There are 4 protein chains.
Amino acid sequence: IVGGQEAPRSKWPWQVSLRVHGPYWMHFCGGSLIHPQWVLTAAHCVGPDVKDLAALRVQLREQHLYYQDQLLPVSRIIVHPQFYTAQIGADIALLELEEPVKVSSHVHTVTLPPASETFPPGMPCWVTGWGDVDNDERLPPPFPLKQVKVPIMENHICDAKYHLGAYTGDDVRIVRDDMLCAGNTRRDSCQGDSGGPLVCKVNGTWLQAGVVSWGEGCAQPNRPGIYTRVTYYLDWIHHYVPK
Amino acid sequence: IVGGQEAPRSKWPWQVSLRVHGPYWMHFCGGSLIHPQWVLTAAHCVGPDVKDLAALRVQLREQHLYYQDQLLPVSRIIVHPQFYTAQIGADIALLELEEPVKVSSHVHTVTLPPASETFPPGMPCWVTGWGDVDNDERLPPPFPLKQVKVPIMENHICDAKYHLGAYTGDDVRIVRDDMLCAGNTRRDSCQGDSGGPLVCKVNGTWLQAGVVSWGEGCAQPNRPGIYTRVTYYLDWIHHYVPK
Amino acid sequence: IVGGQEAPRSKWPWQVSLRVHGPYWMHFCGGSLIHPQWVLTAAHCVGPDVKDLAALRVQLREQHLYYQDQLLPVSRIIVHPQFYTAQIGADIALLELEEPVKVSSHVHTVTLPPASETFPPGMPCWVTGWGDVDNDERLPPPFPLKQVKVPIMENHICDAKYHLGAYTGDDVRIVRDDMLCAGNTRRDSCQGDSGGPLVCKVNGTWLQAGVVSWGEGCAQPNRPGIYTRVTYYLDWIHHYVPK
Amino acid sequence: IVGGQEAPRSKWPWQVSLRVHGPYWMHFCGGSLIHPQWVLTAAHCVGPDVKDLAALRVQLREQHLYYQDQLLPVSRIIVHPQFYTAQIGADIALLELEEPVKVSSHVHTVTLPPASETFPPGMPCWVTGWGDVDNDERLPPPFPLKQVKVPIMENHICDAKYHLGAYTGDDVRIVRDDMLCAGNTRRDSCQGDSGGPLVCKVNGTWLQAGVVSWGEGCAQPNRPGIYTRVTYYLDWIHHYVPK
Ligand SMILES: *[C@](=O)([C]([C][C][C][C][N])[N]C(=O)O[C][C])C1=NOC([C]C2=[C][C]=C(C(=O)[N][C]3[C]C4=C([C]3)[C]=[C][C]=[C]4)[C]=[C]2)=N1
Ligand SMILES: *[C@](=O)([C]([C][C][C][C][N])[N]C(=O)O[C][C])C1=NOC([C]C2=[C][C]=C(C(=O)[N][C]3[C]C4=C([C]3)[C]=[C][C]=[C]4)[C]=[C]2)=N1
Ligand SMILES: *[C@](=O)([C]([C][C][C][C][N])[N]C(=O)O[C][C])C1=NOC([C]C2=[C][C]=C(C(=O)[N][C]3[C]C4=C([C]3)[C]=[C][C]=[C]4)[C]=[C]2)=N1
Ligand SMILES: *[C@](=O)([C]([C][C][C][C][N])[N]C(=O)O[C][C])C1=NOC([C]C2=[C][C]=C(C(=O)[N][C]3[C]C4=C([C]3)[C]=[C][C]=[C]4)[C]=[C]2)=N1
């Protein structure tokens, strides 16, 4: 997370960390608890190639990575079939935990937005994760969970910005429809926050508007962060996660 | 190049090396001379964002990289407008040299295929360059130009193989129609060969069938090297390069 | 620490961690509290060249590095004047804290040995620290303080071992008289444990027999860990640290 | 070499490159031909630990490293028995080739100095090699042999400079008698140059005054390069090399 600060421990009770087996269970991506037994994340975090589930584990809300670990095994990795690369799209996936989690005020599910929700600009949204604090700059130990308020911008405004200083034809769409954008040169998600959640308080309730997907670098001029647009894939999600 | 051998001095007189400015004019991609003043390469080697021409140079056929440098300046970079990422497509670009090159037996242009040429699967073709000799395995000094005979494969077969061990739906195109594909687990192009040529001998004349584009690793199981089909973009090339 | 185990929270109340200013206060060496206002460490950790005090901090006993940080400024660095390199000798130094520390059962000084103590070869001693778990293998987060029982070995014997598989003449001393050694191919201290303590319990009292100094790799055959013999420099320490 | 330039092809016909087996025979140190069958280098290049001769080869004068390699096997590695680390001293060793090299105008031995030569300050000496052109930055390909004129300075003047900005006591000698120093903040040998020669034209003939041994960094303020003083080890050399 670029900009922002360490989040209070009472916030983002749905934030999760994905771990890959290695010299130690290292965090490679973020994710969110959308149901006691399911975790929503980015497809590029776990695919497009098939992974060995044994080498993967989930860590529920933690104020500091690795310090109070209670790794949870995974039984299924469901990746949207239209996915191949983040730039192309459909960068979304599901992880089914091996057991349901006991929810509480410190750890519970995030609410998904209704299919109608559009998240207009001037929309106070936040993004969180344990990713880099800048380009090629790791979150230093003790690895606190960070949060940052990011401005939502219209898809067409972002697509245009991405063509600035680029050879790509103006009519060749970069920021696609199943995508959503937010952030600026001071606030943005970065390597390590991927799969994590972008949430907005609407009508007094937190809804997950997006999933950290990609961007050209982090907080770079004319290159706002791109996120998978959750409302676009609700039907797919609900085909696995109970309503 | 993976699984190849050093190329004799008399072969591949069109192979060129692209240099970017830094502590020394370092090779970042390959290319091919298709006209005395034009170099054909891969768009991702120079795009999608616009580059400073002063930081770029072209080096004609060299038996060993860096040893006999005779860097040539570039006057114009033309990246196909439909390009954004190699996986999406249109990974082809043109480089216009400041001056036309004096052709000879050691250094001269390669012939472009005719719009109807259809390099069928099985046809022995060759790919060349100074790229890695294996995944994460750089080419050792003195950096000899390498070559390797790779078998071409039907577009649909390559696409199919890319779906094996992947979450991507079988109906979702991975190897697109503007791409060509060749190689196996023992022969393949690799990081550093990008923008380089894949040529085949047809009716006694060498034709460039492709441009090294992308691939999942190098010479990996069910992951043949993907190239930009030149026939697909002949009209775009002739909008600039004299026939 | 090689071949060790995480230390119980009630053990090694004198272990400290030295931090240097950068992206965060990173550990670079260990040390021991030998007096409320004094920390004993290795000269190569802070010398031979003079260092800016403002960029240095001390961290008292921590179960996990970076977790519960409460950094303490340093008022003075005293490096033995005879020190130039660890192989030459006199690898010992003193750190004076700006404020005296408030001891307790969880955080208190280690006892220095009397000038006659010898520490017989075979005397179970322990070495502690947050250094690597093996040659070129960092301690993985959450960075638990480690410990290992290492057997002390006679000075001549270690000097002898270092000659095995070496061109150095048998009469040329490698392990010198102001040094002590301990460990084997399974137990040793390693990069990051430097400046840390080597304690032995003599008649129900823990005495710091050594200071982690150097060695050829860690836990390598015939290359036992070398430490700065504390008894050898008691007079120098007492010229600064009160009784 | 720091602050020099490419050496003319006809100079330094005694320069040698030491190669270690690996993905390719890589250069790790320099050396000099002081006899048709012997190479003089630095002890720390091959010791203090005994090495497997097979993994070592020697390359004679070459304008560009790796370009025209004709690696010669080594039959014996003789390291001065008093050696353990460069700072301590006796940083000198001998390599006996498996066969005599045929000398010529382009490749011949360097002349060793008479036991009574002190090499006074001023008198021009040069140091050559394929090492870094500055701290932490390697010689760029095509790796040309570089040369540079370095001013020699009296041992005691350099010893004092090494004490500036350091804790080491003024009377604790750093630059030792069996050592010689040369260079400044703009001219010096660096990593990769070790074992190489420092030659001075005296009375119309080139004599090897020293061997690139060590230094605190390269071309750093008050830290001139240090070399093993050849005249000091003449008897030792002649114990193996004829006349
Ligand atoms: C993301 O953090 C970034 C988002 C940047 C936000 C801009 N505002 N996205 C990105 O880089 O996208 C490029 C298309 C991110 N960080 O790193 C990645 C890519 C990535 C995914 C997965 C791994 C990984 O190590 N996976 C493991 C997990 C696992 C494996 C491999 C094998 C078997 C079991 C489990 C590394 C990097 N995206
Ligand atoms: C290619 O070699 C590989 C091909 C693999 C074949 C497998 N069978 N393709 C690839 O990796 O594709 C990913 C989509 C290759 N190697 O490295 C790259 C990517 C790349 C492109 C360009 C640079 C680079 O340094 N460009 C310079 C040019 C320039 C710059 C930056 C600044 C100013 C002026 C000019 C690095 C890496 N593809
Ligand atoms: C030690 O851990 C090892 C011990 C190995 C035991 C074998 N059984 N010793 C070693 O490597 O010695 C070789 C002579 C160790 N690890 O790393 C070092 C060297 C070192 C010294 C100092 C720093 C450092 O970052 N210093 C800071 C302090 C400071 C600075 C620089 C600037 C301003 C203010 C304060 C890093 C590494 N020894
Ligand atoms: C020297 O170039 C420098 C000189 C600096 C001059 C400043 N004015 N010295 C130095 O860095 O000293 C540190 C005390 C140099 N560069 O690198 C080294 C150290 C070194 C020695 C040996 C190797 C090596 O790879 N050896 C091989 C050879 C061999 C091996 C290992 C195994 C089996 C057979 C043969 C690397 C680096 N000194």
# chains A, B, ... in the order shown; residues from 1 in each chain; ligands from 1
$ residues_near_ligand --ligand "ligand 1" --cutoff "8 Å" --atoms "only C-alpha atoms and all ligand atoms" --output "number ranges by chain"
A: 18-21, 28-30, 44-47, 50-57, 85-87, 131, 183, 188-195, 212-219, 224-227
$ write_last_selection --atoms "C-alpha atoms" --output "PDB file, in the first residue's frame"
ATOM      1  CA  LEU A  18      -2.324 -15.966   1.153  1.00  0.00           C
ATOM      2  CA  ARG A  19       0.785 -18.036   1.903  1.00  0.00           C
ATOM      3  CA  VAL A  20       2.909 -20.267  -0.320  1.00  0.00           C
ATOM      4  CA  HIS A  21       5.034 -23.089   1.079  1.00  0.00           C
ATOM      5  CA  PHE A  28       2.348 -13.494  -1.946  1.00  0.00           C
ATOM      6  CA  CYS A  29      -1.165 -11.996  -2.227  1.00  0.00           C
ATOM      7  CA  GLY A  30      -4.117 -10.561  -0.371  1.00  0.00           C
ATOM      8  CA  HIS A  44      -3.426 -14.083 -11.333  1.00  0.00           C
ATOM      9  CA  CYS A  45      -2.471 -14.816  -7.720  1.00  0.00           C
ATOM     10  CA  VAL A  46      -3.255 -18.509  -8.181  1.00  0.00           C
ATOM     11  CA  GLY A  47      -3.305 -19.092 -11.918  1.00  0.00           C
ATOM     12  CA  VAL A  50      -2.905 -25.224 -11.894  1.00  0.00           C
ATOM     13  CA  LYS A  51      -1.275 -25.134  -8.471  1.00  0.00           C
ATOM     14  CA  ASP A  52      -0.664 -27.800  -5.858  1.00  0.00           C
ATOM     15  CA  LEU A  53      -3.111 -26.882  -3.101  1.00  0.00           C
ATOM     16  CA  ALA A  54      -0.887 -28.484  -0.476  1.00  0.00           C
ATOM     17  CA  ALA A  55       1.561 -25.636  -1.054  1.00  0.00           C
ATOM     18  CA  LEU A  56      -1.073 -23.016  -0.261  1.00  0.00           C
ATOM     19  CA  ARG A  57      -2.544 -21.670   2.948  1.00  0.00           C
ATOM     20  CA  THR A  85      -3.703 -12.419 -17.751  1.00  0.00           C
ATOM     21  CA  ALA A  86      -4.755  -9.437 -15.639  1.00  0.00           C
ATOM     22  CA  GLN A  87      -4.582  -6.970 -18.521  1.00  0.00           C
ATOM     23  CA  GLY A 131       2.138  -5.028  -0.252  1.00  0.00           C
ATOM     24  CA  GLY A 183      -5.749   5.871  -6.741  1.00  0.00           C
ATOM     25  CA  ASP A 188      -2.473   3.273  -4.492  1.00  0.00           C
ATOM     26  CA  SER A 189      -2.079  -0.482  -3.982  1.00  0.00           C
ATOM     27  CA  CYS A 190       1.151  -2.155  -5.092  1.00  0.00           C
ATOM     28  CA  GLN A 191       2.906  -5.539  -5.564  1.00  0.00           C
ATOM     29  CA  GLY A 192       1.755  -7.697  -2.667  1.00  0.00           C
ATOM     30  CA  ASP A 193      -1.724  -6.172  -2.261  1.00  0.00           C
ATOM     31  CA  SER A 194      -2.989  -8.164  -5.246  1.00  0.00           C
ATOM     32  CA  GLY A 195      -6.109 -10.206  -4.705  1.00  0.00           C
ATOM     33  CA  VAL A 212      -6.548  -5.452  -6.479  1.00  0.00           C
ATOM     34  CA  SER A 213      -5.551  -6.513  -9.961  1.00  0.00           C
ATOM     35  CA  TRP A 214      -2.844  -4.546 -11.738  1.00  0.00           C
ATOM     36  CA  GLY A 215      -1.389  -1.262 -12.876  1.00  0.00           C
ATOM     37  CA  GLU A 216       1.665   0.129 -14.624  1.00  0.00           C
ATOM     38  CA  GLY A 217       3.865   0.445 -11.571  1.00  0.00           C
ATOM     39  CA  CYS A 218       2.390   2.010  -8.428  1.00  0.00           C
ATOM     40  CA  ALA A 219       1.164   5.564  -7.913  1.00  0.00           C
ATOM     41  CA  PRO A 224      -4.071   4.771 -11.684  1.00  0.00           C
ATOM     42  CA  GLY A 225      -4.445   1.353 -10.079  1.00  0.00           C
ATOM     43  CA  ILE A 226      -6.750  -1.130 -11.773  1.00  0.00           C
ATOM     44  CA  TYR A 227      -9.109  -3.507  -9.979  1.00  0.00           C
TER      45      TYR A 227
END
$ residues_around --residues "residue 100 in chain D" --least-positions-apart "5" --cutoff "10 Å" --atoms "only C-alpha atoms" --output "list in words"
residues 35, 36, 37 and 38 of chain D
$ closest_residue --among "A:133, A:115, A:110, A:74" --to "chain C" --atoms "only C-alpha atoms"
A:133
$ closest_residue --among "D:177, D:117, D:132, D:235" --to "ligand 4" --atoms "only C-alpha atoms and all ligand atoms"
D:132
$ interface_residues --of "chain B" --to "chain D" --cutoff "9 Å" --atoms "only C-alpha atoms" --output "list in words"
residues 23, 24, 26, 64, 65, 66, 67, 68, 140, 141, 142 and 143 of chain B
$ write_last_selection --atoms "N, CA, C and O atoms" --output "mmCIF file, in the first residue's frame"
data_model
loop_
_atom_site.group_PDB
_atom_site.id
_atom_site.type_symbol
_atom_site.label_atom_id
_atom_site.label_comp_id
_atom_site.auth_asym_id
_atom_site.auth_seq_id
_atom_site.Cartn_x
_atom_site.Cartn_y
_atom_site.Cartn_z
ATOM 1 N N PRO B 23 25.126 1.855 -18.459
ATOM 2 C CA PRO B 23 26.584 1.873 -18.268
ATOM 3 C C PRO B 23 27.308 1.414 -19.537
ATOM 4 O O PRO B 23 28.506 1.636 -19.702
ATOM 5 N N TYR B 24 26.557 0.770 -20.428
ATOM 6 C CA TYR B 24 27.066 0.311 -21.722
ATOM 7 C C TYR B 24 25.854 -0.060 -22.591
ATOM 8 O O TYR B 24 24.815 -0.453 -22.056
ATOM 9 N N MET B 26 23.601 -1.997 -23.768
ATOM 10 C CA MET B 26 23.192 -3.358 -23.512
ATOM 11 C C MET B 26 22.088 -3.894 -24.425
ATOM 12 O O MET B 26 21.129 -3.193 -24.765
ATOM 13 N N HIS B 64 29.732 -12.309 -32.059
ATOM 14 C CA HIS B 64 29.745 -12.253 -30.598
ATOM 15 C C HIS B 64 29.288 -10.860 -30.146
ATOM 16 O O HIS B 64 29.848 -9.834 -30.549
ATOM 17 N N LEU B 65 28.250 -10.826 -29.323
ATOM 18 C CA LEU B 65 27.735 -9.563 -28.844
ATOM 19 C C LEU B 65 28.783 -8.716 -28.144
ATOM 20 O O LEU B 65 29.606 -9.226 -27.387
ATOM 21 N N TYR B 66 28.733 -7.417 -28.412
ATOM 22 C CA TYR B 66 29.604 -6.438 -27.780
ATOM 23 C C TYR B 66 31.039 -6.344 -28.284
ATOM 24 O O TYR B 66 31.682 -5.294 -28.156
ATOM 25 N N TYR B 67 31.545 -7.417 -28.876
ATOM 26 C CA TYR B 67 32.924 -7.398 -29.313
ATOM 27 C C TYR B 67 33.273 -6.527 -30.517
ATOM 28 O O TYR B 67 34.316 -5.879 -30.516
ATOM 29 N N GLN B 68 32.417 -6.463 -31.524
ATOM 30 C CA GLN B 68 32.743 -5.643 -32.690
ATOM 31 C C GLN B 68 31.703 -4.574 -32.936
ATOM 32 O O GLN B 68 31.422 -4.233 -34.082
ATOM 33 N N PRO B 140 26.298 -17.112 -21.614
ATOM 34 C CA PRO B 140 27.640 -16.768 -21.138
ATOM 35 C C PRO B 140 28.512 -16.038 -22.145
ATOM 36 O O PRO B 140 28.262 -16.082 -23.348
ATOM 37 N N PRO B 141 29.533 -15.323 -21.655
ATOM 38 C CA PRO B 141 30.438 -14.606 -22.554
ATOM 39 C C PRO B 141 31.152 -15.729 -23.314
ATOM 40 O O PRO B 141 31.266 -16.843 -22.805
ATOM 41 N N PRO B 142 31.650 -15.464 -24.525
ATOM 42 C CA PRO B 142 31.622 -14.208 -25.274
ATOM 43 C C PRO B 142 30.326 -13.897 -26.033
ATOM 44 O O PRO B 142 30.354 -13.185 -27.027
ATOM 45 N N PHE B 143 29.200 -14.440 -25.582
ATOM 46 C CA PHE B 143 27.901 -14.151 -26.206
ATOM 47 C C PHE B 143 27.804 -14.466 -27.701
ATOM 48 O O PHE B 143 27.650 -13.563 -28.535
#
$ atom_distance --atom1 "CA of residue 71 in chain A" --atom2 "CA of residue 2 in chain A"
26.6 Å
$ residues_around --residues "residue 82 in chain D" --least-positions-apart "5" --cutoff "7 Å" --atoms "only C-alpha atoms" --output "tab-separated table (two decimals) with N, CA and C atoms, in the first residue's frame"
chain	number	residue	atom	x	y	z
C	168	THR	N	48.07	-22.27	4.90
C	168	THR	CA	48.72	-21.58	6.02
C	168	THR	C	49.63	-22.53	6.79
C	169	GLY	N	50.85	-22.08	7.05
C	169	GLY	CA	51.79	-22.92	7.78
C	169	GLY	C	51.26	-23.33	9.15
C	172	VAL	N	51.88	-20.97	11.95
C	172	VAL	CA	51.35	-19.62	11.84
C	172	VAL	C	50.00	-19.63	12.53
D	90	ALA	N	51.49	-11.18	3.62
D	90	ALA	CA	52.04	-12.31	2.88
D	90	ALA	C	51.01	-12.72	1.81
$ atom_distance --atom1 "CA of residue 229 in chain D" --atom2 "CA of residue 209 in chain D"
6.3 Å
$ atom_distance --atom1 "CA of residue 156 in chain C" --atom2 "CA of residue 128 in chain C"
24.5 Å
$ residues_around --residues "residue 182 in chain A" --least-positions-apart "4" --cutoff "10 Å" --atoms "only C-alpha atoms" --output "list in words"
residues 121, 123, 125, 126, 127, 149, 150, 151, 152, 153, 154, 155, 158, 187, 188, 189, 198, 210, 223, 224, 225, 226 and 227 of chain A
$ select_by_dssp --residues "range 62-225 of chain C" --states "helix (DSSP H, G or I)" --output "ChimeraX atom specification"
/C:155-163
$ closest_residue --among "B:42, B:112, B:107, B:230" --to "ligand 2" --atoms "only C-alpha atoms and all ligand atoms"
B:42
$ select_by_dssp --residues "range 18-163 of chain C" --states "strand (DSSP E or B)" --output "ChimeraX atom specification"
/C:18-20,26-35,38-41,49,56-59,64,72-79,93-97,111,124-129,134,137,144,146-153
$ write_last_selection --atoms "C-alpha atoms" --output "tab-separated table (two decimals), in the first residue's frame"
chain	number	residue	atom	x	y	z
C	18	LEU	CA	21.84	-3.58	17.44
C	19	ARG	CA	19.91	-1.55	14.87
C	20	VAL	CA	21.15	0.71	12.05
C	26	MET	CA	17.40	-3.18	10.85
C	27	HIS	CA	19.29	-5.66	13.02
C	28	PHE	CA	22.96	-6.03	12.03
C	29	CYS	CA	24.52	-7.51	15.16
C	30	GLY	CA	23.77	-8.80	18.64
C	31	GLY	CA	25.29	-7.79	21.96
C	32	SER	CA	24.90	-8.33	25.72
C	33	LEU	CA	23.86	-6.06	28.57
C	34	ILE	CA	26.73	-6.19	31.08
C	35	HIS	CA	25.68	-3.13	33.05
C	38	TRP	CA	26.56	-0.69	28.98
C	39	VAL	CA	26.28	-3.18	26.14
C	40	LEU	CA	29.18	-5.46	25.17
C	41	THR	CA	29.51	-6.22	21.45
C	49	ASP	CA	35.90	3.26	10.89
C	56	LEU	CA	22.58	3.56	15.83
C	57	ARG	CA	20.12	2.08	18.31
C	58	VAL	CA	19.93	-0.76	20.81
C	59	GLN	CA	16.97	-3.05	21.39
C	64	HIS	CA	10.69	-11.74	17.96
C	72	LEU	CA	17.27	2.97	22.90
C	73	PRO	CA	19.73	5.64	21.73
C	74	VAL	CA	23.48	5.23	22.33
C	75	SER	CA	25.66	7.91	23.92
C	76	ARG	CA	29.05	6.47	22.97
C	77	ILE	CA	30.81	3.76	20.96
C	78	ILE	CA	34.09	2.49	22.43
C	79	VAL	CA	36.02	0.22	20.08
C	93	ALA	CA	33.71	-2.97	21.87
C	94	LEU	CA	31.43	-1.16	24.29
C	95	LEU	CA	28.15	0.67	23.78
C	96	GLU	CA	27.15	3.25	26.40
C	97	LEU	CA	23.42	3.93	26.56
C	111	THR	CA	27.79	-11.66	34.57
C	124	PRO	CA	28.36	-26.85	27.89
C	125	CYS	CA	27.98	-23.24	26.78
C	126	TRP	CA	25.22	-21.58	24.83
C	127	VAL	CA	25.30	-18.98	22.10
C	128	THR	CA	22.22	-16.92	21.21
C	129	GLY	CA	21.10	-14.56	18.45
C	134	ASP	CA	22.75	-21.72	8.03
C	137	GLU	CA	20.16	-18.79	4.94
C	144	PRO	CA	12.55	-15.69	16.96
C	146	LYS	CA	17.46	-18.64	18.75
C	147	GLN	CA	19.81	-20.58	21.00
C	148	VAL	CA	22.14	-23.54	20.71
C	149	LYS	CA	24.36	-25.56	23.02
C	150	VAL	CA	27.89	-25.51	21.60
C	151	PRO	CA	30.88	-27.43	22.95
C	152	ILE	CA	33.91	-25.28	23.80
C	153	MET	CA	37.13	-26.58	22.27
$ decode --residues "range 102-125 of chain C" --atoms "N, CA and C atoms" --output "PDB file, in the first residue's frame"
ATOM      1  N   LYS C 102      16.328  -0.189  33.321  1.00  0.00           N
ATOM      2  CA  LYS C 102      15.659  -0.660  34.534  1.00  0.00           C
ATOM      3  C   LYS C 102      15.550  -2.172  34.467  1.00  0.00           C
ATOM      4  N   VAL C 103      16.475  -2.873  35.108  1.00  0.00           N
ATOM      5  CA  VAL C 103      16.444  -4.328  35.061  1.00  0.00           C
ATOM      6  C   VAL C 103      15.194  -4.951  35.676  1.00  0.00           C
ATOM      7  N   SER C 104      15.055  -6.248  35.429  1.00  0.00           N
ATOM      8  CA  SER C 104      13.942  -7.049  35.914  1.00  0.00           C
ATOM      9  C   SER C 104      14.325  -8.510  35.657  1.00  0.00           C
ATOM     10  N   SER C 105      13.453  -9.444  36.018  1.00  0.00           N
ATOM     11  CA  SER C 105      13.756 -10.851  35.794  1.00  0.00           C
ATOM     12  C   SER C 105      13.710 -11.170  34.299  1.00  0.00           C
ATOM     13  N   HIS C 106      13.027 -10.331  33.529  1.00  0.00           N
ATOM     14  CA  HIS C 106      12.930 -10.555  32.091  1.00  0.00           C
ATOM     15  C   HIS C 106      14.009  -9.819  31.294  1.00  0.00           C
ATOM     16  N   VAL C 107      14.564  -8.765  31.876  1.00  0.00           N
ATOM     17  CA  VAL C 107      15.604  -7.992  31.215  1.00  0.00           C
ATOM     18  C   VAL C 107      16.656  -7.516  32.215  1.00  0.00           C
ATOM     19  N   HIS C 108      17.776  -8.234  32.286  1.00  0.00           N
ATOM     20  CA  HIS C 108      18.855  -7.867  33.197  1.00  0.00           C
ATOM     21  C   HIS C 108      20.228  -8.313  32.696  1.00  0.00           C
ATOM     22  N   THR C 109      21.272  -7.760  33.309  1.00  0.00           N
ATOM     23  CA  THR C 109      22.653  -8.022  32.920  1.00  0.00           C
ATOM     24  C   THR C 109      23.165  -9.441  33.045  1.00  0.00           C
ATOM     25  N   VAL C 110      24.176  -9.738  32.235  1.00  0.00           N
ATOM     26  CA  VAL C 110      24.836 -11.029  32.273  1.00  0.00           C
ATOM     27  C   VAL C 110      26.063 -10.765  33.136  1.00  0.00           C
ATOM     28  N   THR C 111      26.624 -11.816  33.715  1.00  0.00           N
ATOM     29  CA  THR C 111      27.794 -11.656  34.568  1.00  0.00           C
ATOM     30  C   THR C 111      29.098 -11.954  33.829  1.00  0.00           C
ATOM     31  N   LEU C 112      30.095 -11.096  34.027  1.00  0.00           N
ATOM     32  CA  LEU C 112      31.389 -11.295  33.392  1.00  0.00           C
ATOM     33  C   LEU C 112      32.199 -12.299  34.196  1.00  0.00           C
ATOM     34  N   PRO C 113      33.067 -13.058  33.525  1.00  0.00           N
ATOM     35  CA  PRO C 113      33.843 -14.028  34.294  1.00  0.00           C
ATOM     36  C   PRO C 113      35.010 -13.387  35.030  1.00  0.00           C
ATOM     37  N   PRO C 114      35.503 -14.062  36.070  1.00  0.00           N
ATOM     38  CA  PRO C 114      36.639 -13.532  36.825  1.00  0.00           C
ATOM     39  C   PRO C 114      37.889 -13.775  35.963  1.00  0.00           C
ATOM     40  N   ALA C 115      38.917 -12.948  36.144  1.00  0.00           N
ATOM     41  CA  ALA C 115      40.150 -13.042  35.364  1.00  0.00           C
ATOM     42  C   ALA C 115      40.840 -14.405  35.314  1.00  0.00           C
ATOM     43  N   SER C 116      40.483 -15.307  36.218  1.00  0.00           N
ATOM     44  CA  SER C 116      41.109 -16.620  36.220  1.00  0.00           C
ATOM     45  C   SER C 116      40.274 -17.708  35.546  1.00  0.00           C
ATOM     46  N   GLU C 117      38.963 -17.503  35.456  1.00  0.00           N
ATOM     47  CA  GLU C 117      38.084 -18.488  34.827  1.00  0.00           C
ATOM     48  C   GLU C 117      38.722 -18.946  33.514  1.00  0.00           C
ATOM     49  N   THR C 118      38.649 -20.244  33.222  1.00  0.00           N
ATOM     50  CA  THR C 118      39.257 -20.769  31.998  1.00  0.00           C
ATOM     51  C   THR C 118      38.299 -21.417  30.997  1.00  0.00           C
ATOM     52  N   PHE C 119      37.177 -21.949  31.481  1.00  0.00           N
ATOM     53  CA  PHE C 119      36.183 -22.585  30.613  1.00  0.00           C
ATOM     54  C   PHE C 119      36.820 -23.767  29.890  1.00  0.00           C
ATOM     55  N   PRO C 120      36.902 -24.906  30.572  1.00  0.00           N
ATOM     56  CA  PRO C 120      37.481 -26.153  30.071  1.00  0.00           C
ATOM     57  C   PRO C 120      36.806 -26.673  28.811  1.00  0.00           C
ATOM     58  N   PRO C 121      37.588 -27.253  27.902  1.00  0.00           N
ATOM     59  CA  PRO C 121      37.020 -27.790  26.663  1.00  0.00           C
ATOM     60  C   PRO C 121      36.016 -28.912  26.922  1.00  0.00           C
ATOM     61  N   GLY C 122      34.764 -28.653  26.552  1.00  0.00           N
ATOM     62  CA  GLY C 122      33.697 -29.614  26.749  1.00  0.00           C
ATOM     63  C   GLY C 122      32.631 -29.003  27.636  1.00  0.00           C
ATOM     64  N   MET C 123      32.909 -27.813  28.163  1.00  0.00           N
ATOM     65  CA  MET C 123      31.965 -27.142  29.043  1.00  0.00           C
ATOM     66  C   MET C 123      30.735 -26.649  28.306  1.00  0.00           C
ATOM     67  N   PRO C 124      29.583 -27.279  28.553  1.00  0.00           N
ATOM     68  CA  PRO C 124      28.356 -26.849  27.888  1.00  0.00           C
ATOM     69  C   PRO C 124      28.115 -25.346  27.982  1.00  0.00           C
ATOM     70  N   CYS C 125      28.231 -24.675  26.843  1.00  0.00           N
ATOM     71  CA  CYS C 125      27.985 -23.243  26.778  1.00  0.00           C
ATOM     72  C   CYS C 125      26.929 -23.020  25.716  1.00  0.00           C
TER      73      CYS C 125
END
